[PDB]
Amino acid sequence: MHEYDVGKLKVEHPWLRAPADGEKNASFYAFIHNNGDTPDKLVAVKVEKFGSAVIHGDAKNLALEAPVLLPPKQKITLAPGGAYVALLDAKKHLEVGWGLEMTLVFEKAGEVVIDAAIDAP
């Protein structure tokens, strides 16, 4: 539904803000809960409808490409103004009612396919 389980991780309410007018980039957001006793990392994102996905997981330096670190028994927020995944080069114009299929790749927990909900206004 709006939450996806992989290993002892939970990806909750994945969503993205659609490209603004004249822009071709989108931003992907989610809440990732690590309910396990070992750390993990979001290391890659695969998406067919965009050219590529770049993880910006260091909130203190968002210009840098960096994985999202997922300490044990902690949750991490990807949200506007903080850590997020940049979705570059949309193949088509995004409409809200559409969802966006993505694959999140975690170093330890492996891959999980999600359907991200779209914010366009």
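Residue indices: 1-based, along the sequence shown.
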item	value
Mean C-alpha temperature factor, higher of 27-35 and 60-68	60-68
Residue range whose averaged C-alpha B-factor is higher in the record, 18-26 or 5-13	18-26
Selection by C-alpha B-factor (highest) of 79, 90, 44, 76	90
For residue 118, the third of its chain into which the C-alpha B factor falls	middle
Modelled-residue ranking by C-alpha temperature factor, third containing residue 55	lowest
